[PDB]
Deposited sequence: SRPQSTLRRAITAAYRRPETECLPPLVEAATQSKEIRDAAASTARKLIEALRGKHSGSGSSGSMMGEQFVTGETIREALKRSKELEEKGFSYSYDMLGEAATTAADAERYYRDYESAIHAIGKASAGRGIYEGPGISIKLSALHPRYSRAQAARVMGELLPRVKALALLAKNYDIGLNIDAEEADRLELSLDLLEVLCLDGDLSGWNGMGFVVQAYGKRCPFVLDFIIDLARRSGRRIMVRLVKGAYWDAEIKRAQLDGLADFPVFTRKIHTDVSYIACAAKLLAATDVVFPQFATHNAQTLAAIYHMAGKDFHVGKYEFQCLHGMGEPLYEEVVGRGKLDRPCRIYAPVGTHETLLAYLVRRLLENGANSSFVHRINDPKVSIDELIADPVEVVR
């Protein structure tokens, strides 16, 4: 327990109207930055609108096996992309399923680590894992017991990632498991067996009210532990399910925002916090929204080196945008592709979240193709609109 942890717990269901003022202030940019970002966003969107899958989900899977996915990665790697591979799987319901997912992650780390061949955590590939894949009652058992049995499995995977010097990211799932996953991150960052490795990564969801306070805790943890934690800032993939759970629970105040523009303001405010902490954390700005991207690109300033920060996108969604970003002819910033690996069976749940993401009228990836939506609207600054 700490002042930083208390701020997280107190924010869990803080009224939405009380959450917004500090985010609005932090997301407010100078006129020079706003004008530059609007110019960059317009250029990106005009390029996107010069560009343009089925329910088999083929668009979203990088390969059936890690061997297949690694072979298919060379073309984009020399263009300036990197990869984070995800062996598909989540919400294990039996011990056998959790054991199989563990074996999949373990085998992937060996293949990815060998393929990395000493490129390190920024220039080379990494892996993403879901804690719900590794424990058979992740959401239905007591958090203390879940973390206790989960810890040795995650530590063993992190030790392999350290052996090869690759990144290992913990994906963020449902809101009620944020606290458990954060306790696990803290144990790992204080574990001397992992010293000298900066590959531990952690996702924080800007649609969540606790997001800035989680970031304060992580930034402080990185600074005191000496681990340069990789922090993937996302909006969030489970919004519809969080709303349904909160409505059923009789909750007046939800753990997530209910207006999309509030999530957008939260993201920019949290990006400002991360960009002020690049000494101690490695921010990873995961977004397909060209306005969000352009804002961060200008907020980050003129100084850049590989390892300072990166962007990220999902395989099958982000390539049109990021082909306008990576490379010396564009913005010369790197992007890491989240690359699902698996069979069609393990793909299904991930596909549902992609459908909720692509099919929502509020999503950038839907609006970019909507004839009713103007470029002027797409480049709007969320602080100015809210």
Worksheet item: Since the structure holds only modelled residues, which stretches of the deposited sequence does it leave out?
Response: 1 to 3, 56 to 61, 396
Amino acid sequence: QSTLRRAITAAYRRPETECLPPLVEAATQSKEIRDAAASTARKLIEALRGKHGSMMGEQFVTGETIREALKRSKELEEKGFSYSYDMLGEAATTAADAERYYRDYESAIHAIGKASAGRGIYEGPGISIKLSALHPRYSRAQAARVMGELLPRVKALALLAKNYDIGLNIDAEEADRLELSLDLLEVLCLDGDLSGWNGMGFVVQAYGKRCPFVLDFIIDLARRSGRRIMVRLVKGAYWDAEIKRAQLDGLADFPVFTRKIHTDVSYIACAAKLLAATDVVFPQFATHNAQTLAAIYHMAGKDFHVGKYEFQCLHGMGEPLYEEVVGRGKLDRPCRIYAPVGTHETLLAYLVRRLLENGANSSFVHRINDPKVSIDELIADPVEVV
From here on, numbers count along this sequence of modelled residues.
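Just so we're on the same page, rigid core means the largest C-alpha set that superposes within 1.5 Å between forms.
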Worksheet, complete the sentence: Core-fitted, the stretch whose Cα atoms sit farther from this form in 8 other deposited structures of this protein, 174 to 182 versus 142 to 150, is 142 to 150
Discussion item. Superpose by the rigid core and compare 351 to 359 with 43 to 51; which one moves more, by C-alpha RMS, in 8 other deposited structures of this protein?
Written reply: 43 to 51
Worksheet item: Hey, which bit's got the bigger mean C-alpha B factor in the entry, 143 to 151 or 103 to 111?
Response: 143 to 151
Fill in: 127 to 135 versus 69 to 77 - which carries the larger mean C-alpha B factor in the record
69 to 77
Response to the item:
From the entry's CA B-factor values, the highest among 344, 336, 333, 353 is 344
Worksheet, complete the sentence: The residue of 173, 279, 191, 90 with the maximal C-alpha B-factor according to the PDB record is 191
Discussion item. Using the temperature factors of the C-alpha atoms in this entry, rank residue 205 within its chain: lowest, middle or highest third.
Written reply: lowest
Worksheet item: According to the PDB entry, is the CA B factor of residue 257 in the bottom, middle or top third of its chain, that is, lowest, middle or highest?
Response: middle
Item to complete: Among all modelled residues of this chain, ranked by Cα B factor, put residue 264 in the bottom, middle or top third, i.e. lowest, middle or highest.
Response: lowest
Worksheet, complete the sentence: The third of the chain into which the C-alpha temperature factor of residue 288 falls is the lowest
Worksheet item: If you rank the chain by CA B-factor, which third does residue 221 end up in: lowest, middle or highest?
Response: middle
